[PDB]
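A single chain comes next, written as structure tokens; it is the form deposited in one PDB entry.
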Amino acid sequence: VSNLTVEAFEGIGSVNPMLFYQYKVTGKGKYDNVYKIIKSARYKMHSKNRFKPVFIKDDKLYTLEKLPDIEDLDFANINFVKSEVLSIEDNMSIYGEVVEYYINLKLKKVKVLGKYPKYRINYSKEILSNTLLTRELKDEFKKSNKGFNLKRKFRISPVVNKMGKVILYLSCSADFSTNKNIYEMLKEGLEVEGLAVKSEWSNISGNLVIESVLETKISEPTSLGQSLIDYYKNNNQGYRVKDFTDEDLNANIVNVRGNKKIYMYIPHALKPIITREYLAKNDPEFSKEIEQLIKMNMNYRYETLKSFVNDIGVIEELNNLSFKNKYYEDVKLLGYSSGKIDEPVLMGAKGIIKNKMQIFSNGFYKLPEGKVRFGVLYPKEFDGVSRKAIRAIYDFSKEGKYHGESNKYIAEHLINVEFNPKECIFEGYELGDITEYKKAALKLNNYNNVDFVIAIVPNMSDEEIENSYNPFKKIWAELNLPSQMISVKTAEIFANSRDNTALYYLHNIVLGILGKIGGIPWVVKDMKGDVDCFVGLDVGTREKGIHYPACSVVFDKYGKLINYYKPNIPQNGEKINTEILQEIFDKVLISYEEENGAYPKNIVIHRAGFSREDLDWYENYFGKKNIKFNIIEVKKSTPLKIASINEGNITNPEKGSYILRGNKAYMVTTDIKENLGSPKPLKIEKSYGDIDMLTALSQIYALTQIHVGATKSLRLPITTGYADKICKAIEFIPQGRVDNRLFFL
């Protein structure tokens, strides 16, 4: 079979315990403690003397070689204390920082094509290689004709163990930069407005974006208080203001919004964050070229890391520190335990389905009792194309026929819909202001003959006249009428095309079409392990000071959605209170008693982004009600990636394979073939439980495979994934009361 590994290179040799220098910082300046400026004074001292290292442990600063004791620094003066050999087995993070520093210092001295150093390094974990590595193993600069440049931000993070071995964890991440500035684009007259720009001089954190431009030169005193070049002289930045010439004295001021105030900077400073928005809108053939190189299978970034640690080579400063260029054989050598989870059995109306497409051909497992009466919004210029699209979706859902022709791959009466084209409601709406969208949605929903909305919206692209998607979704979720929507690209795909590449669109339309009205398309025949329900939670933190409240959901040992419940009382901060948990678990016991007449004997509580506190509430609250319970936290977005070795030639891993260490389980849930990227796996953590992670991850993978609004599987499990969707869609959900119909799908 195909085993799995992880982006790790074992350092050949051993890190020996070396002679360091204990430094202490004296509280000279206005700062009371030396803790909050130990990073600041750290990189100041590092900037002092030929870029020599300095490391941070809570009170003792370590340097490897004897720096001369300087006290000329204005806020802080430091003091040498003693010099001794520090033990590696007590100092893990310190010698890890030593190894990352020395591989930085060895990669600085490497040049490619003679003049050009390969890696621009600021002595951190981010090693930006100026020179790419391509598909055909050519380490070549790839620049655009328009000034764009791809680079690949290596992320080292080596850790050392108690014996002395250092393991270099890596992460390829192709980043985006340009040699141009916004002044150079002003020289060819490119429009600077609408540009997410990044100050490489001021390292403030904020979405800096261009405000405007008037005609004042930079050699004139402005609203900052003076001529800004004098403040560049004032900010200990003479080496960057000494350079620019008399034509650059004719630079025109371009101001920038750093999300709290205006900033008046020179345009020779500011460089645009050239996102894929920018690469597409300004040179799209460059984007079509580079998606072979930023969407990247395991073979390609393994080739890159092979080149990377081939370029590191060996370091004699750490006693023959060399790195292997091959991955591991298995993660058992690293500490985890691999394995593959078998696929879940899925059933529909007449029992088992072979694959996730057969449910249209045989029938759905859980239909809601009643009839689903459609109603369609569409653009007024796009009448007949929408007519053919709605005729296609209704013929598919009711009559089992596709563009009139009946076909054996689709069962009849798949959803009990009631849609008569001579009798039902069509409302053409013109693409205009958003209040026209509001009056169109209420002019549909005033008539109580509709149970489901199919709006035809414009595409997610197409900046001119914009989406009617989000105000429609807000109104149809607030009016308690679920809606599945169509971008008009898909409408002419239904009308004009004559092949199955509108039928696949139609498959995901029908799965969403039954998910929105509370039906469940398929379930498991059995969820592994003794279990009666699932509980998924999440909290959201989009910006600073914003804590989205909790959202709960319940499933069963079939995994059908019984209920998703929003708690009523608002929380306090990131970590939630106890009354929210009280009402959530009282209501989840009420809902499971409502749907099965008994209490749960097992409960697997899935969880997104909580800490291990509040667990005593779970302990006493389920000791009073004496159900054995399980709490498993699902970690959504990890920088950790996953590989798969086929006889030394390594590629993407198949879906359903996990790697596990105790309570730490990484698992890839999705299948991605090559030239499309590499699958970004999950991370699974158990805070309290009596179950092994085998049946836990089997539940995890089965609830990846029961996404109820698409033919292909979701990456997240649908407990924490659907709770995460509701925590995204916090204003779509009705507040405080129970519901079955999935709005977000």
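Numbers follow the displayed sequence, beginning with 1. Between two forms, the rigid core is defined as the largest C-alpha subset superposing within 1.5 Å.
A second form of this protein, the form deposited in another entry, is not displayed here; the remarks below concern that form.
- Message: Please name the one residue from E188, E329, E193, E136 with a C-alpha displacement of 2 Å or more between the shown form and the other one, using the rigid core for the superposition.
- Response: Comparing both forms, the shifted residue turns out to be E193.
- Query: Core-aligned, does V34 move its Cα 2 Å or more between the shown form and the other one?
  - Reply: Moves: yes, 2 Å or greater.
- Per-residue C-alpha change between the shown form and the other one, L224, threshold 2 Å, rigid core fit: Superposed on the core, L224 moves its C-alpha 2 Å or more between the shown form and the other one.
- Item | Threshold 2 Å Cα movement between the shown form and the other one for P471, core superposed | Yes, because once the rigid core is superposed, the C-alpha of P471 moves 2 Å or more between the shown form and the other one.
- Task: Check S611 against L561 at the C-alpha atoms and report closer or farther in the other entry, compared with the shown form; the change is 3 Å or more.
- Result: Relative to this form, closer in the other entry.
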